[PDB]
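Colleague: My questions all concern the structure below.
Quick reminder, even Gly has a Cβ in these numbers, built from the backbone with ideal geometry, and neighbours come from all protein chains shown. Just so you know, all these numbers are worked out from the coordinates, no wet-lab data involved.
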Amino acid sequence: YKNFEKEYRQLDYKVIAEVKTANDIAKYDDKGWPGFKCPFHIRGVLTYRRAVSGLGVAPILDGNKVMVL
Amino acid sequence: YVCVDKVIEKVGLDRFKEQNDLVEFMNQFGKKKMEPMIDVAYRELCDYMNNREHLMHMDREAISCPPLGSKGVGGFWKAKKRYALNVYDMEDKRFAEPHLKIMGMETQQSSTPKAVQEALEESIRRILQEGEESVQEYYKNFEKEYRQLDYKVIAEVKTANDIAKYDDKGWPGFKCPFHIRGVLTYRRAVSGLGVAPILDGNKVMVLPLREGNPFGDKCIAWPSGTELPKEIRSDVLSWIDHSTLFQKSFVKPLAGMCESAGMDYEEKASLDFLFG
Amino acid sequence: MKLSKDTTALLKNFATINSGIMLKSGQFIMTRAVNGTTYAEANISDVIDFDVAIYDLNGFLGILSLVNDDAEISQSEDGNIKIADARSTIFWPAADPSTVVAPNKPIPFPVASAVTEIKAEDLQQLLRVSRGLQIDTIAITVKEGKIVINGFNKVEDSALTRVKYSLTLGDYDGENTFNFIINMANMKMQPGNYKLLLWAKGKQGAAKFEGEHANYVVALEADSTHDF
Amino acid sequence: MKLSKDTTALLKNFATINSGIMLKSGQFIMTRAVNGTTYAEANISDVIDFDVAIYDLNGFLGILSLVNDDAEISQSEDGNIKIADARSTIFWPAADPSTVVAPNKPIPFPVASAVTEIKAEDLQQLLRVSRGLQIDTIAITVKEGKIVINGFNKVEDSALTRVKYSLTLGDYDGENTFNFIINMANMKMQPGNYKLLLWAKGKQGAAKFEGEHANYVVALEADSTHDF
Amino acid sequence: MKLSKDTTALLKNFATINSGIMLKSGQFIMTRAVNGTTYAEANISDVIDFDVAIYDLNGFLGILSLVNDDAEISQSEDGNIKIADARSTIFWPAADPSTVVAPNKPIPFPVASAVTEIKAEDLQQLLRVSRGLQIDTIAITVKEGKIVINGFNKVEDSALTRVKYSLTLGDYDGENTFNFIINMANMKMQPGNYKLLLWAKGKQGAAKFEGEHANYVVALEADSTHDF
DNA sequence: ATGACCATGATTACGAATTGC
DNA sequence: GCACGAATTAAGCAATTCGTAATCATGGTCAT
């Protein structure tokens, strides 16, 4: 446990990232903001989508390797 | 619907003489200026994908404008497809009087009494056409008048099922529903008085009670349409006078509209004018 | 800086008006409610070294009162506040200046339309009956020729029909008749003598309770009616 | 009408007995439980000049406690309760007598099957130990020529076997064999040397409680056994 | 039993440490925490003639408070606890010794690797400010030749590196630098002058707080870095 | 002086909704 | 969906997230 805690922070964030499937990218949220009860992953999905408005990156496609942090 | 307030501000409100001048300006502005722009900007669509021919039309279906000189908002949105507009001209038909046009508001839902909906629609008419003082004074006038109607029409109705799940000698149970608590208290009130018992599956009309009522509970329930016994009729009327229930019926929608209308109904007086 | 017990008591009373306050460097301490219904001012012998945006005034004063009186309060290296006793120190965080709602400018309360005086026990009795009679509204009025106080329960009587409580404030000299309506929730005075300065204009107005330690400024409800 | 500290304290005890109360003109004041298990009577030091029905007694007690004793209590212009001193004035509505429950007449309690004396300190010790030990039942009996009181909780001891308290009242002279069961949800008194007069014939009886200024009556449980 | 007021306070402290205690015969008492992270003992001035296990103490303390200090407590004939005052007799249930968590023999504290003297006011100030500064552990260590205590919130710093509140004790004459750590939840001592005795060999370690009344032993943690 | 009582966070539990196997 | 048709397999929930209440520790102020 102590060794794993030691090496947990220093490693790359992708190999600890909880990567999941984006199923309902628009069913729960009202308008960008997670309007109704929002799944843990969908809140992060909309967070990143609203973070990159005009940043020139391809927005999320459903089923992508979206990782929730 | 496109907001055209900027052009009206640019030309000037004071130069007009009657509201008909305002509507006539807003009318001919679309035809002289907007309509040819619509035609050219859709012909550019026809050219973009080199389609066959241009067939789209677009004319001023409705012009919304506040009454001339009045403080009135003159129309406001609330969310996707819930607006309100003091429409003055629909399909090139001048209206001698303002024509109210609303959709999606909470003014037509069946769960509220007819007086509640009429008051909501009058508040809409004020907040659109009349000024703030109008909506302010009407709120308190309807607050005074609102308790001066029958108790049964105001009170809502719910369906009670599985009473035995949520009863312990009449007291509330685990997450006891409002109707269940009310009906249990009612059964405790008139036990053995000969009235028809209230069982599951029957649609029952329910209203709360103020704190400190002699029944010991903040609810009451009895079969809908039916009239409760006269002996408990007096106090239940006296112990619900000027209740807060209409905050759950009329004040909440009124706030939901007025907040989006850039106004507040009950004047929140403070020291802000001293700070500046 | 150096903080004395009377200043701490004044600060604790001010904490009920708003959770957080801003101690701008100087001698004039002053705050306002989060909703702007009331404002408070005071002048204390101790001066303030620098502006700090203390958030939990209750917690800050609670931890402060547990150490010696002559504890020294100064800026820590990270921007927080350091309070050092003769043998120990405590590091209390200082929040961002923005998150604390503070009055940008001290209010120069001008000359009032009417003046009067209230004794220390009157406020105690008034607050106690409001706690007991569930009084929701206080009305400063003139009855019989004397300036008097009336108590109401808006929760039930929205038209202030039943005068649940009455108090004869004192003598009136003038012809202006008024009903100043004030809330109980915004009445956060501390016990003692007070000097009431009342002013009305249009639909609004103010009342200032001047005291020997701190002064308060309170607004009037819409039901207040003035007649000059 | 005027009231004193002792009168207000015993009125507070009466409020613990019942929420509402009746005030007959004079000195002699009655109250009884809603179910009527217990009754209480007091002769106030003052004199009552009107008959009134009171619903919320505790609020009245708080008001009369916080106000000066020189304040006068009388009937308001609308037939309600008006409490006015030289400074303030408080209006409290009087409830309809139908809604409240009052005793029909005092119970003379002519005969006393058993007579005993209980000290204030022993009574308070019993009260506190019963609160600590969760005792809701007292059995008063005589063993070996000694009047004793035993604590019992019928929830856990319906057979009345497990004894948690032994309160020896004193010495008994006689061959009468009595055991009376009383439930804690009724009696409420101020600490004072007190007299107890038990009586029970067949299935009907009561216990009168004599104090230096006030008296009570408690209906004995039917399960009490009596051989007189 | 003849339990003095000081003895009652000591067993109140033990009750805070552990709900159930055993009164071994003599003039000595001891206990340990339910999870076994804290030990305590006391050389009381009252004699004990037999062993008895009690599940709850706060109620027992209240019952002892109701009666005089001179009441005699012994083993009841029905396998319970009998308390006899000048008038009153009290029955208390007896628990099985195996059903109560308690140590076997008194702790022999090893040689104090470090010695410090924590004053009453400083320790009590630390305890009061613990809740204010939401601290959950404290590190006693060496800084510029002084033995000091620094409070750390484990929730917002798992590495225990963010100072929030620091208090000094006195000069340390040694080069054995170390950074101990103590869980604040185990600080359950009566406010007074105590002696800080630190022992640590390799992984094993402990601390002892000897007051003029009793003695406590708190367990160190594996995160403590010590070297002598 | 000391807890009493009321108000305010922690903690637990369960209905309700939804998707995951 | 007209006009049936001729053959037929996914079950029932484990788990999370949220809201609202219910109960429980804990502090502020008060009669004492």
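Colleague: For the charge dipole of chain E, defined by +1 on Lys and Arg C-beta atoms and -1 on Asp and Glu C-beta atoms about the Cα centroid, which residue among E:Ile147, E:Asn43, E:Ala94 has the Cα displaced farthest towards the positive pole?
Modeller: E:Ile147
Colleague: Using θ = phi - 60° and the Karplus form 6.51 cos²θ - 1.76 cosθ + 1.60, what ³J(HN,Hα) does each residue of segment A:64-69 get, whole Hz, x for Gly and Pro?
Modeller: 3J(HN,Hα) across segment A:64-69, in whole Hz: 5, 7, 6, 9, 9, 10.
Colleague: In the calculated pair distance distribution of chain C, what percentage of Cα-Cα distances lie above 29 Å?
Modeller: Of all Cα-Cα pairs in chain C, 35 percent lie more than 29 Å apart.
Colleague: What residue among B:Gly194, B:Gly262, B:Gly72 shows peak mean-square fluctuation when chain B is described by a Gaussian network model with Cα springs under 10 Å?
Modeller: Result: B:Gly194 has the largest fluctuation of those listed.
Colleague: In whole Å, what is the distance between the alpha-carbon centres of segment E:1-39 and segment B:178-201?
Modeller: Answer, in whole Å: 55.
Colleague: Restricting attention to segment B:23-107, which trypsin sites (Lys or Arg not before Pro) occupy a DSSP loop and are surrounded by at most 16 other Cβ atoms within 10 Å?
Modeller: Listed in order of number, the matching sites are B:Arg52, B:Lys71, B:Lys80, B:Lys81, B:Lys93.
Colleague: Hey, another quick one. If you place +1 on the Cβ of every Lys and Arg and -1 on the Cβ of every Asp and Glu, how big does the dipole about the Cα centre of segment B:110-175 come out, in debye to the nearest 20?
Modeller: Around 380 debye, computed over segment B:110-175.
Colleague: Continuing with this model, one more query. Using C-alpha positions alone, give me the convex hull volume of chain B per residue in cubic angstrom. Numbers along the way, then the final one.
Modeller: Numbers: hull volume 67.2 nm³, N = 276.
Per-residue hull volume (Cα only) is 244 Å³.
Colleague: Could you give me the ³J(HN,Hα) list for segment D:177-192, computed from phi with Karplus coefficients 6.51, -1.76, 1.60 and θ = phi - 60°, whole Hz, x at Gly and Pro?
Modeller: Each residue of segment D:177-192 in turn: 10, 10, 9, 10, 9, 10, 9, 5, 6, 10, 6, 8, 8, 7, x, x Hz.
Colleague: Report relative contact order for chain C in percent, whole number only (criteria: Cα-Cα under 8 Å, sequence separation at least 6).
Modeller: Working: 450 pairs, mean separation 42.0, N = 228.
RCO, chain C: 18 percent.
Colleague: Follow-up. Do any GluC sites (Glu not before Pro) in segment C:1-87 lie in a loop, going by DSSP, with at most 12 other beta-carbon atoms within 10 Å of their beta carbon, and if so which?
Modeller: Loop-located and lightly packed - C:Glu77.
Colleague: GNM on chain B, C-alpha springs below 10 Å: top fluctuator among B:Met26, B:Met105, B:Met49?
Modeller: Maximum among the listed residues: B:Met49.
Colleague: Assign unit charges at the C-beta atoms only (+1 for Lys and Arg, -1 for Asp and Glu), then state the dipole size of chain B relative to its Cα centre in Debye, rounded to the nearest 20. Present the calculation step by step, with values, prior to reporting the outcome.
Modeller: Details: 40 positive and 44 negative charges, 182 e Å.
So the dipole magnitude of chain B works out to roughly 880 debye.
Colleague: With charges set only on the Cβ (+1 for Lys and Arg, -1 for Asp and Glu), what does the dipole of segment E:72-199 come to about its Cα centre, in debye to the nearest 20? Walk me through the numbers before you get to the answer.
Modeller: Values: 13 positive and 15 negative charges, 58 e Å.
Charge dipole, segment E:72-199, about its Cα centre: 280 debye, nearest 20.
Colleague: Long-range amide H contacts for D:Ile90: which residues qualify at under 5 Å (H placed 1.01 Å from N, peptide plane, sequence gap of 5 or more or a different chain)?
Modeller: Excluding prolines and chain starts, which carry no amide H, the hits are C:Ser166, D:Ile83, D:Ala84.
Colleague: Hey, what D do you get for segment C:13-97 in µm²/s if you plug the Kirkwood alpha-carbon radius into Stokes-Einstein at 10 °C and 1.306 mPa s?
Modeller: So the translational diffusion coefficient is about 116 µm²/s.
Colleague: Could you tell me the center-to-center distance, by alpha carbons, between segment E:53-101 and segment B:111-154 in angstrom?
Modeller: Their Cα centres are 69 Å away from one another.
Colleague: Based on Cα positions only, what radius of gyration and what Dmax would you give for the protein assembly as shown, in angstroms?
Modeller: 38.2, 124
Colleague: Follow-up. Across peptide C:82-93, how many C-beta atoms of other chains are within 10 Å of each residue C-beta, on average?
Modeller: Details: counts 1, 1, 1, 5, 0, 8, 11, 5, 10, 8, 4, 2.
Average neighbour count from other chains, rounded to a whole number: 5.
Colleague: Here is a further query. Okay, helix-only estimate at 222 nm for chain D: each DSSP H run of n ≥ 4 adds -39500 (n - 2.57), divide by all residues, round to 500 deg cm²/dmol; what do you get?
Modeller: About -5000 deg cm²/dmol.
Colleague: Give me the inter-chain shielding for C:53-61: mean count of other chain Cβ atoms within 10 Å, whole number please.
Modeller: 1
Colleague: Would you mind pulling out the separation of the Cα centroids of segment D:132-178 and segment B:218-274, in Å?
Modeller: Segment D:132-178 and segment B:218-274 have Cα centres spaced 56 Å from each other.
Colleague: Continuing with this model, one more query. For the cross-link pairs B:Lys158/C:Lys164; B:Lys218/D:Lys203; E:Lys5/E:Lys208; E:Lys12/E:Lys105; B:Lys203/B:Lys252; A:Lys27/B:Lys71, which exceed 32 Å when the distance is taken from alpha carbon to alpha carbon?
Modeller: Result: B:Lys158/C:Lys164; B:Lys218/D:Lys203; A:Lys27/B:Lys71 exceed 32 Å.
Colleague: Now for a separate question. Please list 3J(HN,Hα) in residue order for segment E:93-102, calculated via the Karplus relation 6.51 cos²θ - 1.76 cosθ + 1.60 where θ = phi - 60°; whole Hz, with x for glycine and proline.
Modeller: x, 10, 9, 5, x, 6, 7, 10, 7, 7
Colleague: Sort C:109-115, D:171-177 by packing, meaning the average of other beta carbons within 10 Å per residue, with the highest value first.
Modeller: Sorting C:109-115, D:171-177 by mean packing, highest first, produces C:109-115, D:171-177.
Colleague: Under 5 Å between amide H atoms, partner at least 5 residues away or on a different chain: which partners does C:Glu117 have, H built in plane at 1.01 Å?
Modeller: For C:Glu117, whose amide H was placed from the backbone, the distant partners under 5 Å are C:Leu196.
Colleague: Over segment C:26-141, what relative contact order in percent results from Cα pairs under 8 Å that are six or more residues apart?
Modeller: 20
Colleague: Taking the Cα centre of chain E as the origin and placing charges on Cβ (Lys, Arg +1; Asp, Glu -1), which of E:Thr168, E:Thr16, E:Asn215 is farthest toward the positive end of the dipole?
Modeller: E:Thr168
Colleague: For chain A, which chymotrypsin sites (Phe, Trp or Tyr not before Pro) pass both filters: DSSP loop (anything but H, G, I, E, B) and at most 11 other C-beta atoms within 10 Å?
Modeller: Sites meeting the loop and neighbour criteria: A:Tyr1, A:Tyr13, A:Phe36.
Colleague: Would you work out which of B:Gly212, B:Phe275, B:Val195 lies farthest towards the positive end of the dipole of segment B:137-276? Charges go on Cβ: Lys and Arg +1, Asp and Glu -1.
Modeller: B:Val195
Colleague: Among D:53-59, D:94-100, how do they line up by average Cβ neighbours within 10 Å per residue, starting with the highest?
Modeller: On the way: D:53-59: 17.1, D:94-100: 13.3.
Put in order of decreasing packing, that is D:53-59, D:94-100.
Colleague: What 222 nm value per residue comes from the helices of chain B, counting each DSSP H run with n ≥ 4 as -39,500 (n - 2.57) and dividing by all residues, nearest 500 deg cm²/dmol?
Modeller: Computed ellipticity for chain B at 222 nm equals -10500 deg cm²/dmol.
Colleague: Okay, moving on. From Cα pairs below 8 angstrom and at least 6 apart in sequence, can you work out the relative contact order of chain A, rounded to a whole percent? Please report the intermediate quantities before stating the final value.
Modeller: Values: 65 pairs, mean separation 27.9, N = 69.
Reported relative contact order: 40 percent.
Colleague: Still on this structure, I have one more. From other protein chains only, count the Cβ atoms within 10 Å of every residue's Cβ in D:28-41, then give the mean.
Modeller: Mean partner shielding for this stretch: 0.
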